[PDB]
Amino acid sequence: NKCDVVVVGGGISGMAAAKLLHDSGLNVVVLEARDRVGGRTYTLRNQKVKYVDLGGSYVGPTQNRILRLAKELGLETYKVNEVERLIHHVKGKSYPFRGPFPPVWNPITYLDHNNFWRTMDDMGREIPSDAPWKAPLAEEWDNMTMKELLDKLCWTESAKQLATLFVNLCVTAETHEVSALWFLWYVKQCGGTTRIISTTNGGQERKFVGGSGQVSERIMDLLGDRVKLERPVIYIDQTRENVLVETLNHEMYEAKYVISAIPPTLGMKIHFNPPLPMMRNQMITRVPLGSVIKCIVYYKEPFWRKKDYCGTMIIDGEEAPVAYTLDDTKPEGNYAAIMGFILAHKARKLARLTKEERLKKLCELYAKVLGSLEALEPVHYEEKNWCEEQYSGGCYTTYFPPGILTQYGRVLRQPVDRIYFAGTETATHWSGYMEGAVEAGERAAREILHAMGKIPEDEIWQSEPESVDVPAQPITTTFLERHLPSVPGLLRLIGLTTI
């Protein structure tokens, strides 16, 4: 019934917010729509897999908030396997390699690939993490899709194809679906291209022992009966002295403040009194989530390792159901498995098939890429299509179509009277990730603490000490990477010498 703060949503963001407020001495209630906590994280447990993350899973260096929260809750990490060679599969052929980036030998194609990644980061440096709409060329960049940007930037099909794969994998959307400004912001706010794509020293370095679902579960344990499951919020009324929050199962909650810790568009599932301000009213209809099926195929042994493959495959081409895989074997070396993502339009297309049909397609692809008949002998399979989730809307996160970020971006975390906004989408560092969920939840909680006069303004945004367990190596470039010309740059140099 009556409390200090109602938190809507029991994903990592809502749970982090509720924990901070509870630890500060406030009476909190978490209203969660599902019969479980965790949201876009979900750890399945059964005999065949022990445990498997079907949602968010990976953590890495510079993600210090999720690492600190998880450590406090008694969790540990382990390293994703990257000992052996990675594979880039292009035009029906596999090319083994080492390092974060697939190597290119052709001098022209090399210049083009080098320029693409460099330019992504160059453009990123002009975009403020906390206010992308303030970039000098914000409007110009926001009014084009990533498809248009790639068409302008990439002078080789090889670079364009890899860049396209990169976009699909990063944001589970097509290049023509997303704003260039928003995408460039997204990469920059994760620390740039190298940091976002890397396993070793990047976002995919580690997983939690026992699954990421334990983060939300263990906070629920701490909060006890304060977390209310199967309580979808339907109505928020701010016309009176205290805020009134109503659920689908007819219960009413009274609070001084509310934290909305749900994906921005899912705010549409709530009826507001008074109506939302114009800008937010329209913003929440303009911000979809991406499309992905996460698929895990289990084998008797991690047979790829014997061929000096780590299990990482970057797979180009329309025919391939999965464009990217990682070894998902347990740290102990058992429950051998390959994790793959079916991305964007392919998630839409292949959802039509049965689970068994998708398993067959994946195994046949992996057999081709790994050059191994053993890939045709799976022992188990698990998958989750996030497009079907009423209380997620998709995965991994919210994307912005052309024109939206400059027009509506300012609104994302602007309080509406006594409602404050959390959720990973409102983060300024690793927005879209579990790390961003923690940042946003704790920041929203502190906004309320400030509103109550409990903390000063300069304490709303708090820095995070670097993890001792997961140290971050700096991102470096070589002299040649910095100064080699683009393709048009080389042609301009040719045009001058000839004159």
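Numbers for residues come from their place in the sequence shown, where the first is 1.
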**Average Cα temperature factor in the PDB entry - higher stretch of 65 to 73, 452 to 460** = 452 to 460
**Item:** Higher-B stretch (mean Cα B-factor, as the entry records it), 427 to 435 or 23 to 31
**Value:** 23 to 31
**Prompt:** Among 147, 294, 286, 349, which carries the highest Cα B-factor?
**Reply:** 349
**Where the record places residue 442 (Cα B-factor, split into thirds across the chain)** = middle
**Request:** Quick one: classify residue 280 as lowest, middle or highest third of the chain based on its Cα B-factor.
**Result:** lowest
**Message:** Looking at the temperature factor on the CA atom of residue 181, which third of the chain's modelled residues does it land in?
**Reply:** lowest
**Fill in**
Chain thirds by Cα B factor, record data; residue 395 belongs to the lowest
**Request:** State the tercile, meaning the lowest, middle or highest third, of residue 223 with respect to the CA B-factors recorded for its chain.
**Result:** highest
